[PDB]
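**Student:** Have a peek at work.tsv (TSV, C-alpha atoms and all ligand atoms).
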```tsv
chain	number	residue	atom	x	y	z
A	4	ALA	CA	0.00	0.00	0.00
A	5	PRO	CA	1.05	3.64	-0.43
A	6	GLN	CA	3.11	4.83	2.53
A	7	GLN	CA	0.50	7.44	3.47
A	8	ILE	CA	-2.13	4.72	3.90
A	9	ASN	CA	0.15	2.44	5.93
A	10	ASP	CA	1.09	5.34	8.20
A	11	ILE	CA	-2.39	6.65	8.99
A	12	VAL	CA	-3.74	3.13	9.46
A	13	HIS	CA	-1.05	2.19	11.98
A	14	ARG	CA	-1.40	5.48	13.87
A	15	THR	CA	-5.21	5.25	13.99
A	16	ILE	CA	-6.12	1.58	14.27
A	17	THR	CA	-3.29	0.15	16.40
A	18	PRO	CA	-4.08	2.63	19.25
A	19	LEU	CA	-7.81	2.00	18.80
A	20	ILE	CA	-7.12	-1.70	19.37
A	21	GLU	CA	-4.99	-0.79	22.41
A	22	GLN	CA	-7.69	1.52	23.80
A	23	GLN	CA	-10.66	-0.81	23.17
A	24	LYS	CA	-9.07	-4.24	23.88
A	25	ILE	CA	-10.15	-5.63	20.48
A	26	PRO	CA	-8.92	-9.23	20.08
A	27	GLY	CA	-8.95	-9.25	16.28
A	28	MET	CA	-9.61	-6.73	13.54
A	29	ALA	CA	-9.62	-6.45	9.77
A	30	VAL	CA	-9.64	-3.13	7.87
A	31	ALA	CA	-9.95	-2.36	4.17
A	32	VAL	CA	-9.12	1.14	2.94
A	33	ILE	CA	-10.47	1.82	-0.54
A	34	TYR	CA	-8.31	4.53	-2.09
A	35	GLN	CA	-8.81	5.65	-5.69
A	36	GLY	CA	-11.13	2.68	-6.02
A	37	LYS	CA	-8.59	0.03	-4.93
A	38	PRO	CA	-8.66	-1.89	-1.63
A	39	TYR	CA	-5.72	-2.11	0.74
A	40	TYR	CA	-6.01	-4.67	3.54
A	41	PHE	CA	-4.81	-4.73	7.15
A	42	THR	CA	-5.30	-7.34	9.87
A	43	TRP	CA	-4.50	-7.59	13.57
A	44	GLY	CA	-4.85	-10.14	16.32
A	45	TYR	CA	-6.81	-13.35	16.57
A	46	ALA	CA	-10.04	-14.74	15.17
A	47	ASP	CA	-9.98	-17.40	17.94
A	48	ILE	CA	-7.97	-16.43	21.03
A	49	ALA	CA	-7.72	-19.88	22.65
A	50	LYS	CA	-6.70	-21.62	19.41
A	51	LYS	CA	-4.34	-18.74	18.49
A	52	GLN	CA	-5.88	-18.51	15.01
A	53	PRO	CA	-4.90	-15.15	13.47
A	54	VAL	CA	-7.26	-12.86	11.64
A	55	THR	CA	-6.66	-13.18	7.90
A	56	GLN	CA	-8.24	-11.70	4.79
A	57	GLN	CA	-10.44	-14.86	4.71
A	58	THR	CA	-11.70	-14.52	8.31
A	59	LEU	CA	-15.49	-14.27	8.55
A	60	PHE	CA	-16.93	-11.62	10.87
A	61	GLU	CA	-20.52	-11.00	11.95
A	62	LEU	CA	-21.62	-7.77	10.25
A	63	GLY	CA	-24.56	-7.17	12.56
A	64	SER	CA	-26.71	-4.31	11.35
A	65	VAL	CA	-24.41	-3.62	8.38
A	66	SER	CA	-26.51	-6.52	7.02
A	67	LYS	CA	-29.27	-3.94	6.52
A	68	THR	CA	-27.34	-2.44	3.59
A	69	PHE	CA	-27.68	-5.76	1.76
A	70	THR	CA	-31.40	-5.84	2.58
A	71	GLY	CA	-31.83	-2.30	1.31
A	72	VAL	CA	-30.09	-3.06	-1.97
A	73	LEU	CA	-32.07	-6.28	-2.44
A	74	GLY	CA	-35.21	-4.21	-1.95
A	75	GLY	CA	-33.98	-1.65	-4.46
A	76	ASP	CA	-33.33	-4.48	-6.92
A	77	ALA	CA	-36.93	-5.61	-6.48
A	78	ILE	CA	-38.13	-2.06	-7.17
A	79	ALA	CA	-36.08	-1.98	-10.37
A	80	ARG	CA	-37.63	-5.32	-11.40
A	81	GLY	CA	-41.10	-3.84	-10.93
A	82	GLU	CA	-41.86	-6.48	-8.29
A	83	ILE	CA	-42.64	-3.99	-5.51
A	84	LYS	CA	-43.30	-0.28	-5.07
A	85	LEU	CA	-42.31	1.53	-1.89
A	86	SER	CA	-45.80	3.08	-1.83
A	87	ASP	CA	-47.41	-0.38	-1.65
A	88	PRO	CA	-49.34	-1.10	1.55
A	89	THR	CA	-47.81	-3.71	3.84
A	90	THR	CA	-51.09	-5.65	3.65
A	91	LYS	CA	-50.61	-6.21	-0.10
A	92	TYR	CA	-47.87	-8.71	0.78
A	93	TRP	CA	-49.27	-9.94	4.13
A	94	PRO	CA	-53.07	-9.94	3.85
A	95	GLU	CA	-53.34	-11.73	7.22
A	96	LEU	CA	-52.20	-8.46	8.85
A	97	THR	CA	-55.79	-7.31	9.25
A	98	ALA	CA	-55.40	-5.13	12.36
A	99	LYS	CA	-56.51	-1.56	11.74
A	100	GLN	CA	-53.23	0.09	12.78
A	101	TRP	CA	-51.62	-1.25	9.59
A	102	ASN	CA	-53.87	0.83	7.33
A	103	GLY	CA	-51.55	3.42	5.82
A	104	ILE	CA	-48.25	1.68	6.63
A	105	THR	CA	-46.29	1.18	3.41
A	106	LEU	CA	-43.13	-0.67	2.45
A	107	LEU	CA	-41.37	2.71	2.50
A	108	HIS	CA	-42.23	3.12	6.17
A	109	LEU	CA	-40.97	-0.35	7.02
A	110	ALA	CA	-37.72	0.13	5.11
A	111	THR	CA	-36.93	3.52	6.69
A	112	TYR	CA	-38.09	2.95	10.31
A	113	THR	CA	-40.99	5.40	9.98
A	114	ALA	CA	-43.99	3.09	10.50
A	115	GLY	CA	-44.75	4.71	13.86
A	116	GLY	CA	-42.60	3.09	16.49
A	117	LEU	CA	-42.04	-0.56	15.65
A	118	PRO	CA	-39.68	-1.83	18.37
A	119	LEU	CA	-35.91	-2.15	18.11
A	120	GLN	CA	-36.03	-5.94	18.48
A	121	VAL	CA	-38.54	-8.62	17.60
A	122	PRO	CA	-39.24	-10.21	21.01
A	123	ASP	CA	-37.17	-13.31	21.70
A	124	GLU	CA	-40.33	-15.30	22.47
A	125	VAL	CA	-41.31	-15.10	18.77
A	126	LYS	CA	-40.25	-18.53	17.49
A	127	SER	CA	-42.88	-19.40	14.85
A	128	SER	CA	-44.85	-17.88	12.00
A	129	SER	CA	-47.95	-17.76	14.21
A	130	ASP	CA	-45.99	-15.92	16.90
A	131	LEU	CA	-44.73	-13.40	14.37
A	132	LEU	CA	-48.23	-12.61	13.10
A	133	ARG	CA	-49.53	-12.16	16.65
A	134	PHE	CA	-46.63	-9.81	17.40
A	135	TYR	CA	-47.35	-7.48	14.48
A	136	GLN	CA	-51.13	-7.82	14.86
A	137	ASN	CA	-50.97	-6.73	18.51
A	138	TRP	CA	-48.37	-3.98	18.10
A	139	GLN	CA	-49.80	-0.53	18.80
A	140	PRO	CA	-48.01	2.43	17.17
A	141	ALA	CA	-46.97	5.45	19.20
A	142	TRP	CA	-47.06	7.83	16.22
A	143	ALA	CA	-48.76	8.20	12.87
A	144	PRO	CA	-46.74	6.70	10.00
A	145	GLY	CA	-44.24	8.91	8.23
A	146	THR	CA	-43.66	11.29	11.14
A	147	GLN	CA	-40.98	9.79	13.43
A	148	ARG	CA	-37.91	7.66	12.75
A	149	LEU	CA	-37.14	4.92	15.29
A	150	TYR	CA	-34.36	2.53	14.26
A	151	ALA	CA	-35.83	-0.95	14.42
A	152	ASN	CA	-34.96	-4.48	13.34
A	153	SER	CA	-38.67	-5.33	13.43
A	154	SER	CA	-39.23	-2.65	10.75
A	155	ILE	CA	-36.60	-3.23	8.08
A	156	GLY	CA	-36.63	-6.94	8.91
A	157	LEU	CA	-40.26	-7.14	7.85
A	158	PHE	CA	-39.50	-5.04	4.77
A	159	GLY	CA	-36.90	-7.57	3.65
A	160	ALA	CA	-39.18	-10.54	4.23
A	161	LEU	CA	-42.04	-9.00	2.26
A	162	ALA	CA	-39.93	-7.47	-0.53
A	163	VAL	CA	-38.94	-10.94	-1.78
A	164	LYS	CA	-42.44	-12.44	-1.80
A	165	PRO	CA	-43.26	-11.53	-5.44
A	166	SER	CA	-40.13	-13.41	-6.54
A	167	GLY	CA	-41.32	-16.62	-4.88
A	168	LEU	CA	-37.83	-17.05	-3.41
A	169	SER	CA	-36.89	-17.21	0.23
A	170	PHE	CA	-35.02	-14.19	1.55
A	171	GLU	CA	-31.75	-16.15	1.61
A	172	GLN	CA	-32.21	-17.49	-1.92
A	173	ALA	CA	-33.11	-14.03	-3.24
A	174	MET	CA	-30.06	-12.50	-1.57
A	175	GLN	CA	-27.74	-15.25	-2.82
A	176	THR	CA	-28.95	-15.21	-6.43
A	177	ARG	CA	-29.64	-11.49	-6.86
A	178	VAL	CA	-26.89	-9.81	-4.80
A	179	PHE	CA	-24.13	-12.09	-3.54
A	180	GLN	CA	-23.55	-14.11	-6.72
A	181	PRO	CA	-23.64	-11.27	-9.30
A	182	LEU	CA	-21.16	-9.27	-7.18
A	183	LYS	CA	-18.92	-12.33	-6.64
A	184	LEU	CA	-19.31	-12.16	-2.85
A	185	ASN	CA	-18.45	-15.83	-2.62
A	186	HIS	CA	-17.45	-15.77	1.07
A	187	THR	CA	-20.51	-13.89	2.33
A	188	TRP	CA	-23.15	-15.92	4.11
A	189	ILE	CA	-26.47	-15.73	5.89
A	190	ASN	CA	-25.79	-19.27	7.15
A	191	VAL	CA	-22.12	-20.26	7.34
A	192	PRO	CA	-21.76	-23.74	5.75
A	193	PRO	CA	-19.83	-26.37	7.72
A	194	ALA	CA	-16.90	-26.31	5.29
A	195	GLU	CA	-16.41	-22.60	6.06
A	196	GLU	CA	-16.69	-22.71	9.88
A	197	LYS	CA	-12.89	-22.92	10.09
A	198	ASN	CA	-12.82	-19.27	8.95
A	199	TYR	CA	-15.61	-18.04	11.26
A	200	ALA	CA	-14.13	-15.79	13.94
A	201	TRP	CA	-15.45	-15.93	17.49
A	202	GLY	CA	-16.92	-12.78	18.95
A	203	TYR	CA	-15.87	-11.82	22.47
A	204	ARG	CA	-18.20	-10.37	25.11
A	205	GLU	CA	-16.87	-10.01	28.66
A	206	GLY	CA	-14.08	-12.38	27.66
A	207	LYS	CA	-16.41	-15.16	26.47
A	208	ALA	CA	-16.44	-16.50	22.90
A	209	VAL	CA	-19.87	-16.04	21.34
A	210	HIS	CA	-21.73	-16.21	18.02
A	211	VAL	CA	-25.00	-14.48	17.21
A	212	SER	CA	-28.08	-16.41	18.28
A	213	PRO	CA	-30.89	-17.32	15.86
A	214	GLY	CA	-33.86	-14.97	15.92
A	215	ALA	CA	-36.90	-13.92	13.95
A	216	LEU	CA	-35.97	-11.93	10.83
A	217	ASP	CA	-32.29	-12.15	11.74
A	218	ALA	CA	-31.14	-12.64	8.15
A	219	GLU	CA	-32.86	-9.41	7.11
A	220	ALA	CA	-31.69	-7.24	10.01
A	221	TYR	CA	-28.37	-8.47	11.41
A	222	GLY	CA	-27.42	-11.98	10.23
A	223	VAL	CA	-24.81	-11.67	7.45
A	224	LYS	CA	-21.21	-12.85	7.92
A	225	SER	CA	-18.46	-11.80	5.53
A	226	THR	CA	-14.73	-11.41	4.98
A	227	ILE	CA	-12.80	-8.17	4.68
A	228	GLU	CA	-12.22	-8.91	0.98
A	229	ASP	CA	-15.92	-9.41	0.21
A	230	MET	CA	-16.80	-6.28	2.21
A	231	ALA	CA	-14.25	-4.24	0.24
A	232	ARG	CA	-15.95	-5.52	-2.96
A	233	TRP	CA	-19.31	-4.52	-1.47
A	234	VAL	CA	-17.97	-1.00	-0.90
A	235	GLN	CA	-16.57	-0.88	-4.44
A	236	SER	CA	-19.97	-1.93	-5.81
A	237	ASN	CA	-21.73	0.85	-3.87
A	238	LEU	CA	-19.05	3.37	-4.88
A	239	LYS	CA	-19.31	2.55	-8.61
A	240	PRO	CA	-22.77	1.14	-9.41
A	241	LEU	CA	-22.28	1.69	-13.14
A	242	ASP	CA	-19.62	-1.03	-13.12
A	243	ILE	CA	-22.36	-3.55	-12.27
A	244	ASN	CA	-23.57	-5.19	-15.48
A	245	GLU	CA	-26.91	-6.42	-14.05
A	246	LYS	CA	-29.15	-3.40	-14.64
A	247	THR	CA	-31.64	-4.13	-11.85
A	248	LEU	CA	-28.82	-4.49	-9.30
A	249	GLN	CA	-27.07	-1.36	-10.58
A	250	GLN	CA	-30.36	0.50	-10.12
A	251	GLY	CA	-31.06	-1.18	-6.77
A	252	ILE	CA	-27.72	0.04	-5.41
A	253	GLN	CA	-28.55	3.54	-6.60
A	254	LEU	CA	-32.03	3.44	-5.05
A	255	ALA	CA	-30.64	2.37	-1.65
A	256	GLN	CA	-28.63	5.62	-1.63
A	257	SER	CA	-31.61	7.80	-2.51
A	258	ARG	CA	-32.59	10.19	0.27
A	259	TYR	CA	-36.10	9.42	1.55
A	260	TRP	CA	-36.19	11.29	4.89
A	261	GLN	CA	-34.13	13.97	6.62
A	262	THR	CA	-33.57	14.60	10.33
A	263	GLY	CA	-30.96	17.18	11.22
A	264	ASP	CA	-28.03	16.75	8.84
A	265	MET	CA	-28.74	13.02	8.33
A	266	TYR	CA	-30.61	11.36	5.47
A	267	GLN	CA	-32.20	7.90	5.47
A	268	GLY	CA	-31.66	5.57	2.53
A	269	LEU	CA	-32.57	1.90	2.23
A	270	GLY	CA	-30.23	0.42	4.84
A	271	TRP	CA	-27.58	3.05	4.14
A	272	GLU	CA	-27.60	6.41	5.91
A	273	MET	CA	-26.08	9.50	4.27
A	274	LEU	CA	-24.83	13.00	5.01
A	275	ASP	CA	-23.65	15.72	2.64
A	276	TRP	CA	-19.89	15.78	2.00
A	277	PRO	CA	-17.92	17.60	3.39
A	278	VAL	CA	-19.35	16.33	6.66
A	279	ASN	CA	-19.07	17.80	10.15
A	280	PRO	CA	-17.12	15.01	11.88
A	281	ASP	CA	-18.63	15.75	15.29
A	282	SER	CA	-22.11	15.16	13.87
A	283	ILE	CA	-21.35	11.68	12.55
A	284	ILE	CA	-19.30	10.79	15.64
A	285	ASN	CA	-21.80	12.08	18.18
A	286	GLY	CA	-24.78	10.85	16.16
A	287	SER	CA	-23.42	7.30	16.10
A	288	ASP	CA	-23.79	6.96	19.87
A	289	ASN	CA	-26.71	4.63	20.56
A	290	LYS	CA	-28.23	7.24	22.90
A	291	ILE	CA	-28.95	9.19	19.68
A	292	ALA	CA	-28.88	6.50	16.98
A	293	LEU	CA	-31.63	4.51	18.73
A	294	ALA	CA	-33.78	7.48	19.77
A	295	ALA	CA	-37.03	8.60	18.15
A	296	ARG	CA	-36.55	11.72	16.02
A	297	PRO	CA	-39.00	13.66	13.83
A	298	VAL	CA	-38.38	13.29	10.10
A	299	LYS	CA	-39.19	15.40	7.06
A	300	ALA	CA	-40.18	13.59	3.88
A	301	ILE	CA	-38.23	14.08	0.66
A	302	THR	CA	-40.75	13.66	-2.17
A	303	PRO	CA	-39.55	12.60	-4.67
A	304	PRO	CA	-36.54	10.96	-3.01
A	305	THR	CA	-33.29	12.65	-3.91
A	306	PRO	CA	-31.38	10.44	-6.38
A	307	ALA	CA	-28.05	9.24	-4.95
A	308	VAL	CA	-25.79	12.23	-4.37
A	309	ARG	CA	-22.16	11.48	-5.21
A	310	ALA	CA	-20.92	14.14	-2.74
A	311	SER	CA	-22.10	12.14	0.27
A	312	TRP	CA	-20.70	10.39	3.31
A	313	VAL	CA	-22.56	7.06	3.09
A	314	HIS	CA	-22.24	4.77	6.08
A	315	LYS	CA	-23.63	2.15	8.47
A	316	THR	CA	-22.64	0.89	11.93
A	317	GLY	CA	-23.32	-2.69	12.95
A	318	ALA	CA	-23.06	-4.84	16.01
A	319	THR	CA	-23.82	-8.21	17.53
A	320	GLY	CA	-23.11	-9.37	21.06
A	321	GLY	CA	-19.53	-10.14	20.13
A	322	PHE	CA	-18.75	-8.05	17.05
A	323	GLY	CA	-18.54	-4.44	15.94
A	324	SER	CA	-18.46	-3.25	12.35
A	325	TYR	CA	-18.46	-0.01	10.40
A	326	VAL	CA	-18.57	0.86	6.69
A	327	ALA	CA	-18.25	4.36	5.22
A	328	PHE	CA	-17.59	5.65	1.73
A	329	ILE	CA	-17.62	8.83	-0.36
A	330	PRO	CA	-18.64	8.18	-4.00
A	331	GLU	CA	-17.29	11.45	-5.39
A	332	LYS	CA	-13.83	10.66	-3.98
A	333	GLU	CA	-13.79	6.90	-4.72
A	334	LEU	CA	-12.78	6.53	-1.08
A	335	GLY	CA	-14.03	4.19	1.62
A	336	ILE	CA	-13.31	2.06	4.63
A	337	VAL	CA	-14.48	-1.19	6.19
A	338	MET	CA	-13.67	-1.94	9.86
A	339	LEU	CA	-14.53	-5.43	11.19
A	340	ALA	CA	-13.79	-6.38	14.80
A	341	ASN	CA	-14.69	-9.33	17.04
A	342	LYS	CA	-15.62	-7.14	19.99
A	343	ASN	CA	-18.65	-4.82	20.19
A	344	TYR	CA	-16.91	-1.55	21.13
A	345	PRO	CA	-18.57	1.89	21.14
A	346	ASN	CA	-19.76	3.33	17.84
A	347	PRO	CA	-18.23	6.82	18.29
A	348	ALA	CA	-14.77	5.25	18.52
A	349	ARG	CA	-15.36	3.46	15.21
A	350	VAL	CA	-16.58	6.57	13.40
A	351	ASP	CA	-13.80	8.76	14.78
A	352	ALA	CA	-11.14	6.34	13.55
A	353	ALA	CA	-12.80	6.05	10.14
A	354	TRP	CA	-12.97	9.84	9.84
A	355	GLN	CA	-9.30	10.27	10.80
A	356	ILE	CA	-8.28	7.84	8.04
A	357	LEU	CA	-10.53	9.07	5.22
A	358	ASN	CA	-9.91	12.73	6.11
A	359	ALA	CA	-6.16	12.11	5.83
A	360	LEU	CA	-6.54	10.54	2.38
A	361	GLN	CA	-9.03	12.91	0.72
A	401	CL	CL	3.19	5.51	15.94
A	402	ZN	ZN	2.88	3.39	16.69
A	403	ZN	ZN	-13.47	-20.54	-0.43
```
Once more with this new file: its structure as structure tokens, please.
**Tutor:**
Amino acid sequence: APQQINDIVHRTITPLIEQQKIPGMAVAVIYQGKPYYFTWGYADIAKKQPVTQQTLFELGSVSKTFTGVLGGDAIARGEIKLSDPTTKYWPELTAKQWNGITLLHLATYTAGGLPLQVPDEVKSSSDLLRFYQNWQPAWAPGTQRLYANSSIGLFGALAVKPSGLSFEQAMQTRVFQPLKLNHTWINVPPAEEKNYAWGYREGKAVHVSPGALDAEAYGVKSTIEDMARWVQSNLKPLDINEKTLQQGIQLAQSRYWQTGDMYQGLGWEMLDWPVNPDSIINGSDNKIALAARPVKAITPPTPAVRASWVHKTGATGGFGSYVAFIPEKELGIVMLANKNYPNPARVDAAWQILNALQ
């Protein structure tokens, strides 16, 4: 890698690892469209297995960017419209509170207060229907944003129904395979478990537990190389030869709602570039990121703005991830760690690196 990249990465990430006690970490810096890879530490502490460029990490909520793009691909196929009522795809959702709640609302967390998590007691299709049937909104749809797995998770599950494919099959055939993300998985096959890092929470090795709508909201595992290719694909959608996927990537970076200086895409979140670093750092703290905030609609949605900071944080019990990129600058970063450490530390480090290389 260019000396300037090696230098800023050492000076930023090695102290981050020291400060946060991260057992293993992989970073990709995309500079002038090309990825440069860095690894530290161990995927499995007890077995002394180092992190490599083939190590699989849990992406947590970065998975939502895949869901958003898969939804965009379905829009480009004409299979769904974001204005469609939720009940068009789940007619059994007869409760009156669902009148007026569209796929747009589900995808952008604006349905009216769907909860952060699907309750852990939901373990069957009947349980899932009862959960959504009995949920009572706190606000009218399209007025407040409340980040929620139960919202975009349902969007993903319904967006694939016209295709007749399961969510996993749709994701594999329509996103992973065309982009050659051949070491990206919703379910890690046995032959690949040898590459699956352990997450660490309070010193204990852990993997994410199964849960309702997990694939849609937080269940993807990937390598640093596949995640760099994911960033490249979102940086340069015109390089994607499948037209519906090219357009789906673009639609996930459209701006559908605004709150403060932040814009909501499909999975992705965006700010205008140049960005105020304190806003993205402070706004990444879960005290803000998970709070209800009023939103203003953007009608029609702003087509993807190249001068944007596009990003997403993600976590599981044992992992912490961050992706950010700037299309106009062909510049991005992926940070994958097997400890869930605070979001503002992730965003600060990412800013320091990309700011140094702009
Ligand atoms: Cl140093
Ligand atoms: Zn040093
Ligand atoms: Zn392989």
**Student:** Could the residues that lie within 12 Å of ligand ZN 403 (chain A), counting all atoms listed in the file, be listed as a list in words?
**Tutor:**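 I would give the residues around ligand ZN 403 (chain A) as residues 56, 57, 58, 59, 183, 184, 185, 186, 187, 188, 191, 192, 193, 194, 195, 196, 197, 198, 225, 226, 228 and 229 of chain A.
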**Student:** Which residue out of A:276, A:112, A:60, A:69 has the minimum interatomic distance to residue 319 in chain A when only C-alpha atoms are used?
**Tutor:** A:60
**Student:** List as a tab-separated table every residue of chain A that is in contact with ligand CL 401 (chain A), defined as an atom at most 12 Å from one of its atoms (using all atoms listed in the file), together with the nearest atom pair and the distance in Å rounded to one decimal, sorted by chain and then rising number.
**Tutor:**
```
residue	atom	partner	partner_atom	distance
A:9	CA	A:CL401	CL	10.9
A:10	CA	A:CL401	CL	8.0
A:11	CA	A:CL401	CL	9.0
A:12	CA	A:CL401	CL	9.8
A:13	CA	A:CL401	CL	6.7
A:14	CA	A:CL401	CL	5.0
A:15	CA	A:CL401	CL	8.6
A:16	CA	A:CL401	CL	10.2
A:17	CA	A:CL401	CL	8.4
A:18	CA	A:CL401	CL	8.5
A:19	CA	A:CL401	CL	11.9
```
**Student:** Quick one: everything within 8 Å of residue 287 in chain A, counting only C-alpha atoms, minus sequence neighbours fewer than 3 positions away in the same chain. Send it as a PyMOL selection string.
**Tutor:** chain A and resi 283-284+291-292+316+346-347+350
**Student:** Out of A:223, A:300, A:28, A:160, which residue has the shortest atom-to-atom distance to residue 144 in chain A when counting only C-alpha atoms?
**Tutor:** A:300
**Student:** Between CA of residue 202 in chain A and CA of residue 24 in chain A, what is the distance, to one decimal in Å?
**Tutor:**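 If I compute the distance from CA of residue 202 in chain A to CA of residue 24 in chain A, I get 12.6 Å.
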**Student:** Figure out the distance between CA of residue 152 in chain A and CA of residue 236 in chain A, please, to one decimal in Å.
**Tutor:** 24.5 Å
**Student:** Go ahead and compute the interatomic distance for CA of residue 272 in chain A and CA of residue 315 in chain A, in Å to one decimal.
**Tutor:**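 Value for the CA of residue 272 in chain A-CA of residue 315 in chain A distance: 6.4 Å.
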